[PDB]
């Protein structure tokens, strides 16, 4: 079995940033910190934390750290139950901009109605999102990844549909001899050539790109002719209804979405999951 005192020490090293920080935080000698790490590492057979500052968990160490933060969540829920007061637990979530700007906001209502829980939303790309989940820096995440990261369970939420849209004037500007010049048409991007697959055959030259790093500004730039773009049908629907933009393409792009959460008998985590799933049921496709 794994010594829970030693797990606490590893977590303290990480939370405090160094071995000395864990020493001061835990009121134990530096030798005790070192001895506890040595023992835990010898139990696992791997180095668990970097000897630099700020202290970082290794790949093997991330497992234990994630586990330690799970135990912290159980302890808080337990203390809250005995206490006779609403839990007041901070929930940290990784989410993508497209989910946050379309179907997710109804979750805010649900969380608000609880005791005094708080949300910390992190907007992350796919790779960092999974890393946050792995090391325990978030307890849940909305993601395109279907395979569960270690320590987590996965739930399918439904499918997000993107439409290829542009203003009629912009499309007409890049019509050439009755054929649309996809490569030459300025395009919108959320940040710094897959999007032309099956739209252009030969090699694609350089492309004109505008970058607008917010879901709503991204939609506004498309809406206003700065470029075409792939926009979630939820965002695009009103512009299409208003005739502000048109479909460049009858072929939608569908992206399955998943909710990944710590595997833990957590009543907060169960509750948050229900809220997210219910929102995705109401706002995503089968």
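Residue numbers count along the first chain shown, from 1.
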Q.
If I compare the deposited sequence with the modelled residues, how many are absent between residue 192 and residue 193: none, 1 to 3, 4 to 9, or 10 or more?
A. 4 to 9
Q: Could you check the entry and say whether 245 to 253 or 222 to 230 has the higher mean CA B-factor?
A: 245 to 253
Q. On average, which has the higher Cα B-factor in the deposited entry, 107 to 115 or 201 to 209?
A. 201 to 209
Q) From 159, 169, 99, 120, which pick has the Cα B-factor that tops the rest in the entry? A) 169
(Q) Take the CA temperature factors straight from the PDB entry and tell me which of 150, 187, 132, 87 peaks. (A) 87
Q: Within this chain's modelled residues, let me know which third the CA B factor of residue 136 belongs to: lowest, middle or highest.
A: middle
Q: Using the B-factor values recorded in the entry, state whether the Cα atom of residue 94 falls in the lowest, middle or highest third among the modelled residues of its chain.
A: lowest
Q: Check where residue 125 lands among this chain's C-alpha B-factors and tell me if it's the lowest, middle or highest third.
A: highest
Q | residue 34 - which third its CA temperature factor falls in, relative to the rest of the chain | A | lowest
Q. Among the modelled residues of its chain, does the C-alpha B-factor of residue 214 lie in the lowest, middle or highest third?
A. lowest
